Amino acid sequence: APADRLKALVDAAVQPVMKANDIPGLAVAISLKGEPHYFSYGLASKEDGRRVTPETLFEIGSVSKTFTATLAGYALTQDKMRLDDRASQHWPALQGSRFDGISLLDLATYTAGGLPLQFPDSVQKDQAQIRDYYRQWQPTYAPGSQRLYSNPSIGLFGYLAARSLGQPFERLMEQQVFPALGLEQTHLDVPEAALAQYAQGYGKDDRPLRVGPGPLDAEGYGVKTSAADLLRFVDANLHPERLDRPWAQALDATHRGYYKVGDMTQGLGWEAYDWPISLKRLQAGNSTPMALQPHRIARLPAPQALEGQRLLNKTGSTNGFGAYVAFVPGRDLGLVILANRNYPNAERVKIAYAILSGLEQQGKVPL
Ligand SMILES: *[B]([O])([O])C1=[C][C]=[C]C(/[C]=[C]/C([O])=O)=[C]1
């Protein structure tokens, strides 16, 4: 069985990284032909020696954007919105602004014209300040020309998706998306009954950190989930057809690529690579420059189905937490790495690659 070699492989990938980045706790979940394998390391909380388990809740940060994309997928396949809709079509308070000339697709894929990585400090979690921010916003770049990774960009995408469905974003996620995907350990707001499972996050000098409120936090970076639940989400992405048709279609909608930057094809939330690919190249696709700097896009003649021999991934970080997810449809392989430190993306990719590559090499013919 390929499973027989997993424990040694995962320990080897994980433990050196945990040591070098002083990571208090880390959970791995791997799906091999739909069968889950869990590896838990260290402490969810140092103050009270609570061990990480597959049910420990971590902040997954921007991995939340794949859930947001799924809600948007559902809106799209229910004909509540279309990707070439003007943004202001779904929020009348934006009519007259730059959002008259920006598409939903632009927002979704960070190409609206240089919406920043995060809202300025001064924008509070308040409909009217958010509205006013977008009403006064002026672009850096022409739309559809430059990718600049952006919470306010895809955050507005998610918010407008919710508006097209006629319900608050948080309500749709909690009452329709999470249940559709069979996720009972996944939260935007961790309830009373589950607080005991919420890991502590650790920042510089081991400052304890859990994510605070912010504008469009639910849409951009607000999910808390367990390694076991996030692997259920990954398995739903590997086999959407196992869901009821509306939700199967919603997931398929997130697996469509619109443009390339270097080796990376941008989907809705998901970012995709050809598989196999080299470690160095996967790291560069997930680099600090990819996250922080503008990049010229190579637009595709037509949206590409992100299927077959490809790797789809998303990193996610908060002040206290560092997550990574990946799946490879042509290997029926899913992977989740959740940690309670924000440690470098390159190290997350190192772990994931050791695992993916290790499994790849058992499937060779001897001599
Ligand atoms: B991801 O994770 O990538 C992101 C982006 C942007 C922003 C954010 C926020 C965070 C906190 O605050 O935590 C995220």
# chains A, B, ... in the order shown; residues from 1 in each chain; ligands from 1
call {"tool": "closest_atom_pairs", "arguments": {"of": "chain A", "to": "ligand 1", "cutoff": "10 Å", "atoms": "only C-alpha atoms and all ligand atoms", "output": "JSON lines"}}
result
{"residue": "A:59", "atom": "CA", "partner": "ligand 1", "partner_atom_place_in_ligand_line": "13 (O)", "distance": 8.6}
{"residue": "A:60", "atom": "CA", "partner": "ligand 1", "partner_atom_place_in_ligand_line": "2 (O)", "distance": 7.2}
{"residue": "A:61", "atom": "CA", "partner": "ligand 1", "partner_atom_place_in_ligand_line": "2 (O)", "distance": 4.1}
{"residue": "A:62", "atom": "CA", "partner": "ligand 1", "partner_atom_place_in_ligand_line": "2 (O)", "distance": 3.4}
{"residue": "A:63", "atom": "CA", "partner": "ligand 1", "partner_atom_place_in_ligand_line": "2 (O)", "distance": 6.6}
{"residue": "A:64", "atom": "CA", "partner": "ligand 1", "partner_atom_place_in_ligand_line": "2 (O)", "distance": 8.0}
{"residue": "A:65", "atom": "CA", "partner": "ligand 1", "partner_atom_place_in_ligand_line": "1 (B)", "distance": 8.2}
{"residue": "A:116", "atom": "CA", "partner": "ligand 1", "partner_atom_place_in_ligand_line": "6 (C)", "distance": 8.9}
{"residue": "A:117", "atom": "CA", "partner": "ligand 1", "partner_atom_place_in_ligand_line": "6 (C)", "distance": 5.5}
{"residue": "A:118", "atom": "CA", "partner": "ligand 1", "partner_atom_place_in_ligand_line": "7 (C)", "distance": 5.3}
{"residue": "A:119", "atom": "CA", "partner": "ligand 1", "partner_atom_place_in_ligand_line": "7 (C)", "distance": 8.4}
{"residue": "A:149", "atom": "CA", "partner": "ligand 1", "partner_atom_place_in_ligand_line": "5 (C)", "distance": 7.6}
{"residue": "A:150", "atom": "CA", "partner": "ligand 1", "partner_atom_place_in_ligand_line": "6 (C)", "distance": 6.1}
{"residue": "A:151", "atom": "CA", "partner": "ligand 1", "partner_atom_place_in_ligand_line": "6 (C)", "distance": 4.7}
{"residue": "A:152", "atom": "CA", "partner": "ligand 1", "partner_atom_place_in_ligand_line": "6 (C)", "distance": 8.2}
{"residue": "A:153", "atom": "CA", "partner": "ligand 1", "partner_atom_place_in_ligand_line": "6 (C)", "distance": 9.9}
{"residue": "A:154", "atom": "CA", "partner": "ligand 1", "partner_atom_place_in_ligand_line": "5 (C)", "distance": 9.8}
{"residue": "A:155", "atom": "CA", "partner": "ligand 1", "partner_atom_place_in_ligand_line": "6 (C)", "distance": 9.6}
{"residue": "A:209", "atom": "CA", "partner": "ligand 1", "partner_atom_place_in_ligand_line": "13 (O)", "distance": 9.3}
{"residue": "A:210", "atom": "CA", "partner": "ligand 1", "partner_atom_place_in_ligand_line": "13 (O)", "distance": 8.1}
{"residue": "A:211", "atom": "CA", "partner": "ligand 1", "partner_atom_place_in_ligand_line": "13 (O)", "distance": 5.3}
{"residue": "A:212", "atom": "CA", "partner": "ligand 1", "partner_atom_place_in_ligand_line": "12 (O)", "distance": 7.2}
{"residue": "A:213", "atom": "CA", "partner": "ligand 1", "partner_atom_place_in_ligand_line": "12 (O)", "distance": 8.4}
{"residue": "A:214", "atom": "CA", "partner": "ligand 1", "partner_atom_place_in_ligand_line": "12 (O)", "distance": 7.5}
{"residue": "A:215", "atom": "CA", "partner": "ligand 1", "partner_atom_place_in_ligand_line": "9 (C)", "distance": 9.8}
{"residue": "A:216", "atom": "CA", "partner": "ligand 1", "partner_atom_place_in_ligand_line": "9 (C)", "distance": 9.7}
{"residue": "A:217", "atom": "CA", "partner": "ligand 1", "partner_atom_place_in_ligand_line": "9 (C)", "distance": 7.4}
{"residue": "A:220", "atom": "CA", "partner": "ligand 1", "partner_atom_place_in_ligand_line": "14 (C)", "distance": 6.6}
{"residue": "A:221", "atom": "CA", "partner": "ligand 1", "partner_atom_place_in_ligand_line": "14 (C)", "distance": 5.4}
{"residue": "A:222", "atom": "CA", "partner": "ligand 1", "partner_atom_place_in_ligand_line": "13 (O)", "distance": 8.3}
{"residue": "A:291", "atom": "CA", "partner": "ligand 1", "partner_atom_place_in_ligand_line": "3 (O)", "distance": 7.6}
{"residue": "A:292", "atom": "CA", "partner": "ligand 1", "partner_atom_place_in_ligand_line": "5 (C)", "distance": 9.7}
{"residue": "A:314", "atom": "CA", "partner": "ligand 1", "partner_atom_place_in_ligand_line": "3 (O)", "distance": 8.5}
{"residue": "A:315", "atom": "CA", "partner": "ligand 1", "partner_atom_place_in_ligand_line": "3 (O)", "distance": 6.4}
{"residue": "A:316", "atom": "CA", "partner": "ligand 1", "partner_atom_place_in_ligand_line": "2 (O)", "distance": 3.7}
{"residue": "A:317", "atom": "CA", "partner": "ligand 1", "partner_atom_place_in_ligand_line": "2 (O)", "distance": 3.7}
{"residue": "A:318", "atom": "CA", "partner": "ligand 1", "partner_atom_place_in_ligand_line": "13 (O)", "distance": 3.3}
{"residue": "A:319", "atom": "CA", "partner": "ligand 1", "partner_atom_place_in_ligand_line": "13 (O)", "distance": 4.9}
{"residue": "A:320", "atom": "CA", "partner": "ligand 1", "partner_atom_place_in_ligand_line": "13 (O)", "distance": 7.5}
{"residue": "A:321", "atom": "CA", "partner": "ligand 1", "partner_atom_place_in_ligand_line": "13 (O)", "distance": 8.2}
{"residue": "A:322", "atom": "CA", "partner": "ligand 1", "partner_atom_place_in_ligand_line": "2 (O)", "distance": 7.9}
{"residue": "A:323", "atom": "CA", "partner": "ligand 1", "partner_atom_place_in_ligand_line": "2 (O)", "distance": 8.2}
{"residue": "A:324", "atom": "CA", "partner": "ligand 1", "partner_atom_place_in_ligand_line": "2 (O)", "distance": 9.8}
{"residue": "A:342", "atom": "CA", "partner": "ligand 1", "partner_atom_place_in_ligand_line": "2 (O)", "distance": 9.5}
call {"tool": "closest_atom_pairs", "arguments": {"of": "stretch 131-228 of chain A", "to": "stretch 296-312 of chain A", "cutoff": "12 Å", "atoms": "only C-alpha atoms", "output": "tab-separated table"}}
result
residue	atom	partner	partner_atom	distance
A:141	CA	A:296	CA	10.4
A:142	CA	A:296	CA	11.2
A:143	CA	A:297	CA	11.1
A:144	CA	A:297	CA	8.1
A:145	CA	A:297	CA	6.3
A:146	CA	A:296	CA	4.9
A:147	CA	A:296	CA	6.5
A:148	CA	A:296	CA	9.3
call {"tool": "select_by_dssp", "arguments": {"residues": "stretch 83-305 of chain A", "states": "strand (DSSP E or B)", "output": "JSON, numbers by chain"}}
result
{"A": [86, 103, 146, 147, 186, 187, 198, 201, 202, 208, 209, 224, 225, 226, 256, 257, 258, 259, 260, 261, 264, 265, 266, 271, 272, 273, 274, 295, 296, 298, 299, 300, 301, 302, 303, 304, 305]}
call {"tool": "closest_residue", "arguments": {"among": "A:44, A:179, A:174, A:240", "to": "residue A:191", "atoms": "only C-alpha atoms"}}
result
A:174
call {"tool": "residues_around", "arguments": {"residues": "residue A:332", "least_positions_apart": "3", "cutoff": "7 Å", "atoms": "only C-alpha atoms", "output": "PyMOL selection string"}}
result
chain A and resi 32-33+238+328-329
call {"tool": "residues_around", "arguments": {"residues": "residue A:24", "least_positions_apart": "5", "cutoff": "10 Å", "atoms": "only C-alpha atoms", "output": "list in words"}}
result
residues 18, 19, 41, 42, 43, 44, 45, 46, 51, 52, 200, 201, 202, 206, 339, 340 and 341 of chain A
call {"tool": "write_last_selection", "arguments": {"atoms": "C-alpha atoms", "output": "PDB file, in the first residue's frame"}}
result
ATOM      1  CA  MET A  18       8.474  22.725  12.644  1.00  0.00           C
ATOM      2  CA  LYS A  19      11.866  22.855  14.369  1.00  0.00           C
ATOM      3  CA  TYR A  41       2.143  17.307  15.704  1.00  0.00           C
ATOM      4  CA  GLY A  42       2.732  19.446  18.764  1.00  0.00           C
ATOM      5  CA  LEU A  43       0.403  21.757  20.695  1.00  0.00           C
ATOM      6  CA  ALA A  44      -2.754  23.669  19.808  1.00  0.00           C
ATOM      7  CA  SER A  45      -2.172  25.705  22.914  1.00  0.00           C
ATOM      8  CA  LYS A  46       1.111  26.087  24.818  1.00  0.00           C
ATOM      9  CA  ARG A  51      -2.341  18.545  21.715  1.00  0.00           C
ATOM     10  CA  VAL A  52      -3.176  19.170  18.031  1.00  0.00           C
ATOM     11  CA  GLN A 200      -4.098  29.540  19.858  1.00  0.00           C
ATOM     12  CA  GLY A 201      -2.089  31.382  17.228  1.00  0.00           C
ATOM     13  CA  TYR A 202       1.467  32.508  17.851  1.00  0.00           C
ATOM     14  CA  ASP A 206       5.232  33.887  20.761  1.00  0.00           C
ATOM     15  CA  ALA A 339      -0.300  25.328  11.632  1.00  0.00           C
ATOM     16  CA  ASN A 340      -0.604  27.822  14.477  1.00  0.00           C
ATOM     17  CA  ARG A 341       2.263  29.992  13.288  1.00  0.00           C
TER      18      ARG A 341
END
call {"tool": "select_by_dssp", "arguments": {"residues": "stretch 213-340 of chain A", "states": "alpha helix (DSSP H)", "output": "number ranges by chain"}}
result
A: 217-221, 227-238, 245-254, 279-285, 288-292
call {"tool": "write_last_selection", "arguments": {"atoms": "N, CA and C atoms", "output": "compact mmCIF listing (two decimals), in the first residue's frame"}}
result
# COMPACT_ATOMS: atom_id res chain seq x y z
N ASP A 217 -13.94 40.46 6.38
CA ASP A 217 -13.12 39.41 6.97
C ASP A 217 -13.73 38.05 6.63
N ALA A 218 -15.06 37.90 6.68
CA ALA A 218 -15.63 36.60 6.42
C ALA A 218 -15.28 36.15 4.99
N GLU A 219 -15.39 37.09 4.04
CA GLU A 219 -15.22 36.81 2.62
C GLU A 219 -13.76 36.49 2.26
N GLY A 220 -12.80 37.17 2.91
CA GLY A 220 -11.41 37.06 2.51
C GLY A 220 -10.59 36.07 3.34
N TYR A 221 -10.86 35.92 4.65
CA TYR A 221 -9.91 35.22 5.50
C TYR A 221 -10.54 34.73 6.81
N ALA A 227 -8.40 20.08 10.36
CA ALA A 227 -7.76 19.43 9.27
C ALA A 227 -8.70 18.39 8.64
N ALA A 228 -9.49 17.70 9.47
CA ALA A 228 -10.38 16.69 8.96
C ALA A 228 -11.47 17.33 8.09
N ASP A 229 -12.04 18.46 8.52
CA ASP A 229 -13.06 19.13 7.70
C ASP A 229 -12.49 19.72 6.42
N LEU A 230 -11.30 20.32 6.50
CA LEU A 230 -10.76 20.92 5.30
C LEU A 230 -10.43 19.82 4.28
N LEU A 231 -10.07 18.62 4.76
CA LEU A 231 -9.84 17.54 3.84
C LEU A 231 -11.17 17.11 3.20
N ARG A 232 -12.28 17.13 3.95
CA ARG A 232 -13.62 16.88 3.33
C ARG A 232 -13.90 17.88 2.20
N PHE A 233 -13.53 19.15 2.42
CA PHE A 233 -13.69 20.17 1.38
C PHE A 233 -12.79 19.85 0.17
N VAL A 234 -11.54 19.46 0.43
CA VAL A 234 -10.64 19.06 -0.64
C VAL A 234 -11.21 17.86 -1.44
N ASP A 235 -11.76 16.86 -0.73
CA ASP A 235 -12.35 15.66 -1.36
C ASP A 235 -13.58 16.02 -2.21
N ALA A 236 -14.42 16.96 -1.75
CA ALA A 236 -15.53 17.52 -2.55
C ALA A 236 -15.02 18.18 -3.84
N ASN A 237 -13.91 18.93 -3.77
CA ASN A 237 -13.25 19.49 -4.95
C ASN A 237 -12.68 18.40 -5.87
N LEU A 238 -12.18 17.29 -5.29
CA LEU A 238 -11.64 16.20 -6.14
C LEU A 238 -12.79 15.47 -6.87
N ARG A 245 -26.34 18.25 -7.67
CA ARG A 245 -25.96 18.93 -8.94
C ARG A 245 -25.64 20.42 -8.72
N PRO A 246 -26.46 21.21 -7.98
CA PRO A 246 -26.23 22.65 -7.90
C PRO A 246 -24.82 22.93 -7.33
N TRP A 247 -24.43 22.14 -6.32
CA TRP A 247 -23.16 22.31 -5.61
C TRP A 247 -22.00 21.68 -6.38
N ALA A 248 -22.26 20.58 -7.10
CA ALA A 248 -21.29 20.03 -8.03
C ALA A 248 -20.91 21.11 -9.05
N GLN A 249 -21.90 21.81 -9.62
CA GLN A 249 -21.70 22.85 -10.62
C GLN A 249 -20.93 24.03 -10.00
N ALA A 250 -21.28 24.36 -8.76
CA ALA A 250 -20.64 25.51 -8.04
C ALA A 250 -19.14 25.28 -7.89
N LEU A 251 -18.75 24.05 -7.50
CA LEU A 251 -17.31 23.66 -7.38
C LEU A 251 -16.60 23.65 -8.73
N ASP A 252 -17.24 23.07 -9.76
CA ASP A 252 -16.67 23.03 -11.10
C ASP A 252 -16.37 24.47 -11.57
N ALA A 253 -17.25 25.43 -11.23
CA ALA A 253 -17.10 26.87 -11.63
C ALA A 253 -15.82 27.48 -11.05
N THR A 254 -15.34 26.95 -9.91
CA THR A 254 -14.10 27.45 -9.31
C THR A 254 -12.89 26.81 -9.95
N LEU A 279 9.89 21.62 -7.52
CA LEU A 279 9.69 22.28 -6.26
C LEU A 279 9.95 23.77 -6.43
N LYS A 280 11.07 24.11 -7.10
CA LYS A 280 11.50 25.47 -7.18
C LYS A 280 10.41 26.31 -7.86
N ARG A 281 9.79 25.71 -8.87
CA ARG A 281 8.77 26.42 -9.65
C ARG A 281 7.46 26.58 -8.86
N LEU A 282 7.07 25.54 -8.11
CA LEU A 282 5.88 25.64 -7.28
C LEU A 282 6.10 26.69 -6.17
N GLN A 283 7.32 26.77 -5.63
CA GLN A 283 7.64 27.76 -4.61
C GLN A 283 7.55 29.17 -5.19
N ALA A 284 8.04 29.34 -6.42
CA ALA A 284 8.07 30.65 -7.05
C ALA A 284 6.63 31.14 -7.35
N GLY A 285 5.74 30.22 -7.74
CA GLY A 285 4.32 30.55 -7.93
C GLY A 285 3.65 31.02 -6.65
N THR A 288 6.67 35.45 -2.19
CA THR A 288 6.31 36.69 -1.62
C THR A 288 6.04 37.72 -2.71
N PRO A 289 6.87 37.83 -3.78
CA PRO A 289 6.58 38.72 -4.89
C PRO A 289 5.22 38.43 -5.55
N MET A 290 4.83 37.15 -5.65
CA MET A 290 3.52 36.81 -6.26
C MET A 290 2.37 37.38 -5.44
N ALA A 291 2.56 37.44 -4.12
CA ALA A 291 1.56 37.94 -3.22
C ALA A 291 1.57 39.46 -3.09
N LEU A 292 2.74 40.09 -3.27
CA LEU A 292 2.92 41.52 -2.86
C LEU A 292 3.14 42.47 -4.03
call {"tool": "residues_around", "arguments": {"residues": "residue A:345", "least_positions_apart": "4", "cutoff": "7 Å", "atoms": "only C-alpha atoms", "output": "short mmCIF file (atom, residue, chain, number, x, y, z; two decimals) with N, CA and C atoms, in the first residue's frame"}}
result
data_model
loop_
_atom_site.label_atom_id
_atom_site.label_comp_id
_atom_site.auth_asym_id
_atom_site.auth_seq_id
_atom_site.Cartn_x
_atom_site.Cartn_y
_atom_site.Cartn_z
N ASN A 286 4.18 30.58 -5.51
CA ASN A 286 3.65 30.87 -4.16
C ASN A 286 4.58 31.83 -3.38
N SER A 287 5.38 32.62 -4.10
CA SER A 287 6.43 33.46 -3.55
C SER A 287 5.85 34.74 -2.96
N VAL A 349 5.18 24.79 1.09
CA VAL A 349 5.28 24.13 -0.22
C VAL A 349 6.29 22.97 -0.12
#
call {"tool": "residues_around", "arguments": {"residues": "residue A:81", "least_positions_apart": "5", "cutoff": "7 Å", "atoms": "only C-alpha atoms", "output": "JSON, numbers by chain"}}
result
{"A": [75, 76, 164]}
call {"tool": "write_last_selection", "arguments": {"atoms": "N, CA and C atoms", "output": "short mmCIF file (atom, residue, chain, number, x, y, z; two decimals), in the first residue's frame"}}
result
data_model
loop_
_atom_site.label_atom_id
_atom_site.label_comp_id
_atom_site.auth_asym_id
_atom_site.auth_seq_id
_atom_site.Cartn_x
_atom_site.Cartn_y
_atom_site.Cartn_z
N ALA A 75 -23.95 31.08 -7.05
CA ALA A 75 -24.66 32.23 -7.62
C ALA A 75 -24.61 32.20 -9.15
N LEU A 76 -23.45 31.86 -9.71
CA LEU A 76 -23.27 31.83 -11.14
C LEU A 76 -24.15 30.73 -11.75
N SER A 164 -26.31 39.16 -4.85
CA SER A 164 -27.05 38.58 -5.96
C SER A 164 -27.98 37.46 -5.46
#
call {"tool": "closest_residue", "arguments": {"among": "A:89, A:39, A:79, A:244", "to": "residue A:12", "atoms": "only C-alpha atoms"}}
result
A:39
call {"tool": "closest_residue", "arguments": {"among": "A:105, A:224, A:48, A:70", "to": "residue A:255", "atoms": "only C-alpha atoms"}}
result
A:70
call {"tool": "atom_distance", "arguments": {"atom1": "atom CA of residue A:165", "atom2": "atom CA of residue A:90"}}
result
9.8 Å
call {"tool": "residues_around", "arguments": {"residues": "residue A:92", "least_positions_apart": "5", "cutoff": "12 Å", "atoms": "only C-alpha atoms", "output": "NGL selection string"}}
result
:A and (86-87 or 97 or 99-100 or 131 or 135 or 160 or 163-164)
call {"tool": "closest_residue", "arguments": {"among": "A:133, A:57, A:157, A:114", "to": "residue A:190", "atoms": "only C-alpha atoms"}}
result
A:57
call {"tool": "closest_residue", "arguments": {"among": "A:226, A:95, A:103, A:129", "to": "residue A:40", "atoms": "only C-alpha atoms"}}
result
A:226
call {"tool": "atom_distance", "arguments": {"atom1": "atom CA of residue A:93", "atom2": "atom CA of residue A:132"}}
result
9.0 Å
call {"tool": "atom_distance", "arguments": {"atom1": "atom CA of residue A:115", "atom2": "atom CA of residue A:134"}}
result
9.4 Å
call {"tool": "closest_residue", "arguments": {"among": "A:106, A:72, A:181, A:167", "to": "residue A:242", "atoms": "only C-alpha atoms"}}
result
A:181
